[PDB]
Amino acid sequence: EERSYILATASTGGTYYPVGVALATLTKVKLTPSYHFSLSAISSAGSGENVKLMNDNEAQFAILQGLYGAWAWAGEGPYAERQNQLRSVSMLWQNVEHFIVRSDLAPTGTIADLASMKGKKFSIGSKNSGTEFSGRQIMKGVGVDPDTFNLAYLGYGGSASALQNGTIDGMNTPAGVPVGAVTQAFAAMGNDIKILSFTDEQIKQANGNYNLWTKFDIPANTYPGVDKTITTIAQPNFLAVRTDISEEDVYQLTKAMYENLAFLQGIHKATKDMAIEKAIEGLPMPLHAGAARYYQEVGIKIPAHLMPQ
């Protein structure tokens, strides 16, 4: 009968889970009666578990952080070989990098200023979180060894409070814009702190061999007292699917997402990031054939490296 697919997300207290629920709901309300498949969201420990669940067919779809997808496709990071059972479908929202430091420690204003801050207290994120891993990945790319800082491993709220109390000099807090912890820090500290920017050369450095982070301009007036645009980088949180899932089902799913963006956005605001012209930006692994069919149908040019394989 009905093909009841499982969609893996992350903890029920974060953003992966409710965005996943929103996709699942879209399929059950708009697709199951006519097309006879559904997605149902399950919680998980996050991207690393999600790759294992997909590989074992306990899940057929998952929300993945871009970097985990890059590692999976390259056979790098925690992987020793390419994870060839995984393909991409769509960006769902953008993880925007926020490397924030005391302003008097930023002689250029750019991410290279982390190097002037060795030996100082810096919160790289929760231990073993996606945030720790993306912070380490970016810093290594711009040539700064994270372990030459005095690293603290604080969450988003803990980092903001430590910055406000003066017990750390910078923090790494990436997420969908606006990031609550960054709002709190600027609200309390104003322009005593600074979001570090990324030049075009630093964007290339952050990516290394990957095509994952792209230029992202934080709009003026996003954060208290920051009345100017800021150029940083962002990577996608994206929907992944097993290669053996029906092309027709993946096509109908991709089409329904882009024909019902307001439906998704009314369930969870993170999907306000979605747009047909941003659908494939920074995806770290090639598209499933069914998703590519939809994108070409509506006139999207797919880069060679994302064409189905």
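So that there is no doubt, residue numbering starts at 1 and follows the sequence shown.
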Q. Out of 28 to 36 and 271 to 279, which one has CA B-factors that are higher on average in the deposited record?
A. 28 to 36
Q: Name the higher of the two by mean Cα B-factor in the PDB entry, 162 to 170 versus 96 to 104.
A: 162 to 170
Q) In this PDB entry, which of 75, 225, 135, 236 has the top CA B-factor? A) 225
Q. Reading the B-factor column of the entry, which of 188, 230, 114, 212 has the highest value at its C-alpha atom?
A. 188
**Q.** B-factor third for the C-alpha atom of residue 150 within its chain
**A.** highest
Q | Chain third (lowest, middle, highest) by recorded CA B-factor, residue given as residue 123 | A | highest
Q. C-alpha B factor of residue 194, ranked within the chain: lowest, middle or highest third?
A. middle
Q: Grab the CA temperature factor for residue 140 from the record and place it in the lowest, middle or highest third of its chain.
A: highest
Q.
Please say which third, lowest, middle or highest, residue 184 falls into when its CA temperature factor is compared across its chain.
A. highest
